[PDB]
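Data block below; observations after.
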There are 4 protein chains.
Amino acid sequence: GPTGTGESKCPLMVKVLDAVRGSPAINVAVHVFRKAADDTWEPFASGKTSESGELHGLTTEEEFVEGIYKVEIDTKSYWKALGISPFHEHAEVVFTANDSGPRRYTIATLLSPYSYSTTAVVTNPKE
Amino acid sequence: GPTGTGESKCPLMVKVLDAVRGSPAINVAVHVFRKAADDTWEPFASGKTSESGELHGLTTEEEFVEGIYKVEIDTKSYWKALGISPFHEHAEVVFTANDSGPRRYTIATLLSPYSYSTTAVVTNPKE
Amino acid sequence: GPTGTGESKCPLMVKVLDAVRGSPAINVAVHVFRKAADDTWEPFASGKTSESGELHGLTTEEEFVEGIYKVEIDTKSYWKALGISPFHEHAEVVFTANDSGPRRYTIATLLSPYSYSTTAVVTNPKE
Amino acid sequence: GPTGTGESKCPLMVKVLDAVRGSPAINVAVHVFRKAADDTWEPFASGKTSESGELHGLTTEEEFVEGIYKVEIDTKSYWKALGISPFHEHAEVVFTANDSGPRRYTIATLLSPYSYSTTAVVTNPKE
């Protein structure tokens with residue numbers, strides 16, 4: 001499996017599932033951005049989901065400081081490849097990372113052509 | 001104001017949506033059961049969703065006494081008629097109704113071939 | 001039949017539900033943007049959900065031309081007012097509208113503190 | 001972590017998530033049934049979700065033959081423990097296992113007090 005700008009202890013993991021085929025959503029492009037000082041989105045990390053529909057190694061604990069992050073999932077390209085016309089241009093998830101709460105962030109997203117559900121699982125101690 | 005096997009203030013409404021087509025789920029069979037004194041499921045009401053994906057008139061305030069109800073949605077027939085072999089046999093929703101007085105219940109379900117989401121909206125009579 | 005910054009045949013409706021309370025999400029701020037010629041997001045319409053968790057009258061058929069729209073839902077304010085610190089900053093829905101003629105769009109979103117599901121219902125004008 | 005009536009190659013895995021707390025749903029009771037010849041549900045396996053919100057070792061490949069299965073999740077007890085009043089009595093998932101399709105079944109369910117989403121991921125070659 002590929003990675004990102006941080007194959008180490010994994011503070012941020014992305015998982016994408018397909019609700020039409022009941023499978024991992026493979027080779028979906030994912031871009032991560034950090035909100036900058038000027039209220040702009042700064043490229044942060046990116047990759048393509050693996051065979052298991054996951055993306056790890058996006059970052060390291062050292063680099064993943066408190067701030068606002070955006071995860072963008074290119075859902076439109078995914079459906080087009082399957083020959084299904086989708087509604088959304090992409091799926092976006094925007095959240096604050098706080099040092100206070102748990103330390104590992106899993107963003108899981110379930111895709112259908114006209115709908116998506118996204119959830120966050122935030123946990124401590126490795127897993 | 002009650003009636004008795006029709007539709008009061010419309011105490012029980014079912015709404016079904018299709019996440020693949022981005023439309024109401026039309027002509028979906030719905031069966032409702034009530035838990036009997038003997039712990040068995042007794043037939044309570046049935047119908048099919050309309051062109052708007054809604055099912056009203058299942059019951060009346062008078063007939064819809066306190067109890068445990070099961071709303072069964074025939075999702076399998078729905079997908080097969082579209083040419084898709086789905087994962088689930090049906091979607092079932094089981095809940096206690098009216099145990100603190102009469103309420104109006106909306107059961108909304110979003111359908112995908114390998115996934116479904118169901119939510120309830122409960123309100124306190126009067127308009 | 002069109003108008004121009006009001007509500008046609010009601011081409012754009014937003015509905016927000018609360019999965020924690022089993023009720024409409026009331027007084028939720030919604031902002032809509034349209035992608036400008038210069039690739040920037042231009043303010044298009046705004047409002048707050050009603051007691052039924054709906055927002056109508058954002059636009060008219062005449063004003064709602066072909067384009068890429070972004071519906072931003074202020075979920076964070078909603079949860080904080082309930083005493084809950086949620087995960088997301090907001091929920092955003094991005095879609096191309098009317099690129100094959102005028103359509104009516106319903107954007108329905110179900111909210112949980114760490115999760116949300118969004119679906120679109122698209123219909124072909126006339127009643 | 002506990003198991004069931006089959007800690008071996010894992011043909012059926014259950015995962016439960018909490019949408020209010022953004023965590024694994026721990027110590028949730030799960031009962032699995034197989035539809036018998038008389039149209040009755042036969043106890044098949046059971047357990048409690050682990051710290052990661054998962055249940056493995058429910059069965060073995062030898063025992064998991066084609067047929068209709070029901071997974072019942074005691075969601076009501078889970079919310080009561082948290083001091084939250086829930087809508088549903090439990091969450092039920094009913095599906096056919098077919099030797100034809102993929103061989104590993106993951107049933108993932110996301111819980112809120114008034115809503116749940118369930119999806120199936122069906123895959124081949126181990127993971």
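A note on labels: chains of the structure tokens are A, B, ... as shown, every chain counts residues from 1, and ligands are counted from 1 in their shown order.
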
Report, to one decimal in Å, the C-alpha RMSD of chain C against chain D after an in-order least-squares superposition over all those atoms.
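The C-alpha RMSD comes to 3.2 Å.
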
Set the cut-off to 12 Å and count only C-alpha atoms: what are the residues of chain B that reach chain C? Output as an mmCIF file with C-alpha atoms, in the first residue's frame.
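Generated file (result.cif):
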data_model
loop_
_atom_site.group_PDB
_atom_site.id
_atom_site.type_symbol
_atom_site.label_atom_id
_atom_site.label_comp_id
_atom_site.auth_asym_id
_atom_site.auth_seq_id
_atom_site.Cartn_x
_atom_site.Cartn_y
_atom_site.Cartn_z
ATOM 1 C CA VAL B 16 -38.334 5.612 1.775
ATOM 2 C CA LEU B 17 -35.610 7.159 -0.418
ATOM 3 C CA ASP B 18 -33.247 5.710 -3.057
ATOM 4 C CA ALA B 19 -29.558 6.741 -2.754
ATOM 5 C CA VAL B 20 -28.610 5.211 -6.112
ATOM 6 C CA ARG B 21 -31.138 7.186 -8.214
ATOM 7 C CA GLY B 22 -31.618 10.246 -5.997
ATOM 8 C CA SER B 23 -35.402 9.806 -5.885
ATOM 9 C CA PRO B 24 -38.249 8.511 -3.764
ATOM 10 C CA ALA B 25 -38.463 4.693 -3.542
ATOM 11 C CA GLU B 51 -44.893 8.241 -6.057
ATOM 12 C CA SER B 52 -43.465 10.526 -3.369
ATOM 13 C CA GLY B 53 -41.987 7.525 -1.496
ATOM 14 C CA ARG B 104 -46.680 11.045 15.809
ATOM 15 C CA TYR B 105 -43.916 8.892 14.279
ATOM 16 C CA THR B 106 -42.130 9.384 10.949
ATOM 17 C CA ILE B 107 -39.810 6.464 10.012
ATOM 18 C CA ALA B 108 -37.469 7.618 7.160
ATOM 19 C CA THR B 109 -35.148 5.087 5.504
ATOM 20 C CA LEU B 110 -32.459 5.729 2.855
ATOM 21 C CA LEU B 111 -31.683 2.705 0.647
ATOM 22 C CA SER B 112 -28.503 1.481 -1.055
ATOM 23 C CA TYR B 116 -29.437 1.429 4.632
ATOM 24 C CA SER B 117 -29.868 4.208 7.186
ATOM 25 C CA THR B 118 -33.072 4.595 9.200
ATOM 26 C CA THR B 119 -34.074 7.491 11.439
ATOM 27 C CA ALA B 120 -37.197 8.360 13.451
ATOM 28 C CA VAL B 121 -38.768 11.806 13.872
ATOM 29 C CA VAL B 122 -41.101 11.877 16.882
ATOM 30 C CA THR B 123 -43.438 14.762 17.599
ATOM 31 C CA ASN B 124 -45.969 15.698 20.235
#

Which neighbours of residue D:70 fall inside 7 Å, counting only C-alpha atoms, when residues of the same chain fewer than 3 positions from it are skipped, and could you give them as a ChimeraX atom specification?
/D:32-34,92-95

Could you please determine the separation between atom CA of residue A:43 and atom CA of residue A:72 in Å, to one decimal place?
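Here the two named atoms are 10.8 Å from each other.
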
Quick one, how far is atom CA of residue D:1 from atom CA of residue D:45?
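One can read the atom CA of residue D:1 to atom CA of residue D:45 distance as 15.6 Å.
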
Can you tell me which residues surround residue A:76 at a distance of at most 9 Å, considering only C-alpha atoms, apart from same-chain residues fewer than 5 positions away, and format the answer as a PDB file with C-alpha atoms, in the first residue's frame?
ATOM      1  CA  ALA A  81     -15.084   5.037 -13.618  1.00  0.00           C
ATOM      2  CA  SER A  85     -23.613   9.359 -12.818  1.00  0.00           C
ATOM      3  CA  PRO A  86     -23.164  10.843  -9.316  1.00  0.00           C
ATOM      4  CA  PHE A  87     -24.645  13.937  -7.668  1.00  0.00           C
ATOM      5  CA  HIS A  88     -21.726  15.428  -5.704  1.00  0.00           C
ATOM      6  CA  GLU A  89     -18.562  17.052  -7.068  1.00  0.00           C
ATOM      7  CA  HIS A  90     -16.585  15.547  -4.167  1.00  0.00           C
ATOM      8  CA  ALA A  91     -17.042  14.834  -0.413  1.00  0.00           C
ATOM      9  CA  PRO A 113     -24.209   8.001  -6.152  1.00  0.00           C
TER      10      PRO A 113
END

Which of chain A counts as alpha helix (DSSP H) under DSSP, as a count of residues only please?
8
